[PDB]
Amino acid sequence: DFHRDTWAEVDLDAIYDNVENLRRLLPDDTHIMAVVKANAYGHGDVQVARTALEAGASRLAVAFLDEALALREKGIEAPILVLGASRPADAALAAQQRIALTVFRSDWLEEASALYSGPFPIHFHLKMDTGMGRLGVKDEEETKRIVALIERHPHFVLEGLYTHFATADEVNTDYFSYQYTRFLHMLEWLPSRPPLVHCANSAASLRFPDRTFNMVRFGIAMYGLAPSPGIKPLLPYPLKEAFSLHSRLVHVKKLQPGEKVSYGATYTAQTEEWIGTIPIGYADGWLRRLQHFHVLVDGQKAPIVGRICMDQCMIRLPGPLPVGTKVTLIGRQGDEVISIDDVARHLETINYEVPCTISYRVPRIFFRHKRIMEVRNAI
């Protein structure tokens, strides 16, 4: 239940299709690892994880331990890999919750070894830095050492090893190739190929599906968003956008010329205008930078006038509309549509950041099989 007329809608049918289409494109030996970090990119962790698994994914990935434990608590029983770092003293916790960990330092293992002695086995995924410069091992003696410590511990298992690309969404493939080639060279530092070798993100897997090894880490595209605009025309199938955001007019009034609106009085009515107030502001992730952006109301675009407030903002209406009238900030209304890509453009950022920013304050309504399936209200 929610008591403010502002909410996001998440179409799980769209997410289902985005994953199934990829399942249809990959070799039947290749696993799809659904990346669901950051509450599924602001779409809802368990709701997306479930749908993805139903569509063909066999594993899930999160950013840090807390995100994995939360999925376990909500009943997800499929394998989960923590992509980022964790504390050596937390290995036992991840072990008994059947959570796989990313490893990239030999001193971490030495510490973990002194802290853990079974009985649950711990599955590690070795990260190799091939040119992203974030996480990962970079030299032979380190890789060999990490492997040695793993092989020597009765409850440490090297389940996989992977790398991440810095430029897989760029039309130019020069740095990509260097990373790919660097990866192939480093894989030779291992005495034997672990069961899971992975390297592809949304861009790499949809662009070069044959050179993705045995596991793909599917993220941004699962949500229906293109990794980048320069890669959109090169996409194998149409992506279906899943996120939409709506509100309703809670007040309508007519301003006389010379009348001002909001903080600092930076907006002045030049004529007799109709102004509508909506219950969404920057504490909801609708950042102040979005002043001047246009929202949809009654099938028409209306500009956000005056400064955006913490919980509210105003728009110049086409004419006098009734209170309760639906306002679409992201999504479709009749002939007009506003995409997350349109919002990112205005905020001078990339689509990834947008749904992530729509805060915990905004409830998520899920659709599946073309029917309302669940409402998630964080507070």
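Note that residue numbering follows the sequence shown and begins at 1.
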Mean C-alpha B-factor higher for 191 to 199, or for 162 to 170?
191 to 199
Stretch with higher mean Cα temperature factor, 211 to 219 vs 99 to 107, is 211 to 219
According to the Cα B-factor stored in this entry, which of the following is highest: 78, 115, 132, 225?
115
Entry record, C-alpha B-factors for 341, 66, 335, 348; the maximum is at 335
Considering every modelled residue of the chain and its Cα B-factor in the PDB entry, is residue 151 in the lowest, middle or highest third?
highest
Residue 311's Cα B-factor: lowest, middle or highest third of the chain?
lowest
By the entry's values, the third containing the CA B factor of residue 252 is the middle
For residue 279, the third of its chain by CA B-factor is the lowest
Looking at the C-alpha B-factor of residue 374, is it in the lowest, middle or highest third of its chain?
middle
